[PDB]
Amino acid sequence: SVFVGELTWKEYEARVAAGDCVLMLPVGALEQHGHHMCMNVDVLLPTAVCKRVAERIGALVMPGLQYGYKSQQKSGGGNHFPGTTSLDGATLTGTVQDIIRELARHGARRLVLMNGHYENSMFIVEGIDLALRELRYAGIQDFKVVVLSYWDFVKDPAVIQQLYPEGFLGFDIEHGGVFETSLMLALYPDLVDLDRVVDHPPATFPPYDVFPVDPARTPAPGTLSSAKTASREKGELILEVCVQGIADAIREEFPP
């Protein structure tokens, strides 16, 4: 297994003793994903990508962070939905910070943080900075971190044309939409019930945000766009592009 949790400490130690061992940490969330999908999607997807990437380039995967930052209206629907269970920014930042400090203690020096929940980004970044600051204080400056959101590797125009034949509107409305639902159909079809999809128009917002979150500004089902056209085929295409692109980046940044 490529999962750190499924190894003995001796097995883990041997791998880190190699000197060039790469570790990967999935950072997700428990967030509503419409009427047609489960709430652990943001954990499941990055974990699935990490698994395949780790198997492809010989890395190990740390247990994923199940809870992420508060859902935002324009990206996740809003934190007023039941089910969505979010952490305060400081909590997520401190979790990332503690994990990095511990990996450094192990002697590990290569980490790939793979985000699956849009809202986590800056808090992951702060956790990285704070940990690196402490490592410098501990006399460690050879620890390198690569952070990314897996969907950012799906930029190729040819690929996008295949996923959105009718036309591409952007990733702005991709919460529980075609993109995530397609991946789930390819990975965990038993957790997707396409017949429950509410085919509503794409959500649109002005160039500003309002707080407290106004429930009237998010589509009733919680999705920001319809997943009606999602398919296992699109999911497999997305999956291959992401696994391929990320494996390549890791090979470039963390050569053996």
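The first residue of the sequence shown is number 1, and the count goes up from there.
Higher mean CA temperature factor between 57 to 65 and 223 to 231: 223 to 231, per the PDB entry. Mean CA B-factor, 101 to 109 versus 168 to 176: the higher value falls on 168 to 176. Of the residues listed, 70, 200, 35, 52, the entry assigns the biggest Cα temperature factor to 200. Across the options 92, 132, 160, 147, the residue with the most elevated CA B-factor in the record is 160. Residue 186: CA B factor lies in the middle third for its chain, per the PDB record. Residue 206: CA B factor lies in the highest third for its chain, per the PDB record.
Compared with the other modelled residues of the chain, the Cα B-factor recorded for residue 216 ranks in the highest third. When all modelled residues of the chain are sorted by CA temperature factor, residue 126 is found within the lowest third.
In this PDB entry, residue 48 carries a Cα temperature factor that places it within the lowest third of its chain's modelled residues.
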